[PDB]
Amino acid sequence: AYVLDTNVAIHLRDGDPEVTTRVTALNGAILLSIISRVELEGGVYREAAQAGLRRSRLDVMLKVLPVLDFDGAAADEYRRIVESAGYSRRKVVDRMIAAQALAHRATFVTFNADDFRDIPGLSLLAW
């Protein structure tokens, strides 16, 4: 199983050719954190203009990418991350997302692997 960073997901809904080919090459379930969904959901209304087209693109992404809820198990993983690596205010959100990947034993796929190499036990895939 794979969990896409928010940034990787943003490139997928943007049909970015570089990411989209690497996604279709991946054999295995392709999962999405609900934290990322909340970020995506806000980006739909960032501008007045082409919302609804951003909304139309996000909806087809949700129909195909199953969403992991953020629950007690992931919040246990988050606490364990703060215990080993220390607390980092800037990395709270990304640590919530990785915590879910830990909880479900999934490789975490990201453009920013250096920000996660302090999370013990996280399988990483840098792009």
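Heads up: residue numbers just count along the shown sequence, starting at 1.
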Legend entry - Mean C-alpha temperature factor, higher of 76 to 84 and 43 to 51: 43 to 51
Inset, instruction - Would you determine, from the values in the PDB entry, which of 28 to 36 and 67 to 75 has the greater average C-alpha temperature factor? - result: 28 to 36
Legend entry - Criterion, highest CA B-factor; candidates, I10, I119, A113, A106: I10
Legend entry - Cα B factor band for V60 (lowest, middle or highest third within the chain): highest
